[PDB]
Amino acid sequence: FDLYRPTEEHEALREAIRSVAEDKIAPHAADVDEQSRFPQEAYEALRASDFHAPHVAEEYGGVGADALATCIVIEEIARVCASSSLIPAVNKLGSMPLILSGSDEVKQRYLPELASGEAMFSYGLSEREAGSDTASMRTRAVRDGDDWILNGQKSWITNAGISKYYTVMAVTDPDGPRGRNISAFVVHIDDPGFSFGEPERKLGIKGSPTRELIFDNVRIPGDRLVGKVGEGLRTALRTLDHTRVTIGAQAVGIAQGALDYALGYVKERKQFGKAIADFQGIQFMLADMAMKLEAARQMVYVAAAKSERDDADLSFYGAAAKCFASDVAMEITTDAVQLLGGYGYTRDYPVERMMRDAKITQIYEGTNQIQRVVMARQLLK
């Protein structure tokens, strides 16, 4: 009766990534956060064992991992270092427009490099004046001969400056129909006229660089185009249906690492002659954490399986899984800090970082408010 559980191969993949995460990634998490620096140790351990971008097809030298497997990887990394979890998460986000809409030549040019881990990918959608409202973006791409000239800026780009390649969405016709006048392009770190802004000072995922892309007449070849002229936003949003699920998986992981730490702590700590775990009010809190986490985890796995089959209701299930899991992670991390008392408020324990990191999950890949707008559209048609 193999209903409603991961396969044996998924559970073996879980032990393998857990093992890389606990030995190679976890030891460096406090320092990655404290110095706001890229988790280089984690990148190298993920690259050595093929967990840095597992979703890439075997045809390109990839692992060809399914959508649920990929979620388990991101979850198990996020359990110990949220910044590190963004290596596979943003590698998927940036590459997915190619995998969904790109020509065989574009795929063949870029995906092998991701597969071997010589290159990381970023995704450039958001701007200063168009975050949630992606259709109002102002970055322009103009034909010049067979070339494209890009002008404008993207905001908030994860792994910017480290990533070699940048999937960038830009207006290809300012008079074309709203939502359908935008195209996707691969931009290289060394393209002319392309700079980065100063790194953001953030609440959490501090080791993940977050920076503006600035495009000053960036000339790029015509073969940088991903899919069809004007179909770029369509591709960028179809991407978010799949990747929202991985941010759900991240939130679950962050929540799980916080619960693991709090549980271990309250079994050991004694006040009034008893373990903190022996107080029923604490038991009730722990039960609530565990029950909500498990509900979020299963809902993520249901959405991941939907992502793998491309089920017609993926839009609702990806928004619900991401929203739910991020809300739950926010509550659980806040409670994990609480359960350690004074100690939980200090950087000597990891729970305060986990609380800081959880808060991003409610904002990126579409604010939980936008998630609710998307869920309501699906219920009402």
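Numbering starts at 1 and follows the sequence shown.
With 259-267 and 101-109 compared on mean CA B-factor from the PDB entry, the stretch scoring higher is 101-109. Mean CA B-factor, 283-291 versus 216-224: the higher value falls on 216-224. The entry lists C-alpha B-factors for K206, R79, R211, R140, and the highest of these is at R140.
In this entry, the residue among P88, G94, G230, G253 with the greatest C-alpha B factor is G230. Per the deposited record, the Cα B-factor of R356 falls in the lowest third when ranked against the other modelled residues of its chain.
In this PDB entry, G318 carries a Cα temperature factor that places it within the lowest third of its chain's modelled residues. For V337, the recorded CA temperature factor ranks within the lowest third of the chain's modelled residues. Sort the chain's modelled residues by C-alpha temperature factor and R201 lands in the middle third, per the entry. Annotation for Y345: C-alpha temperature factor in the lowest third relative to the rest of the modelled chain, per the entry.
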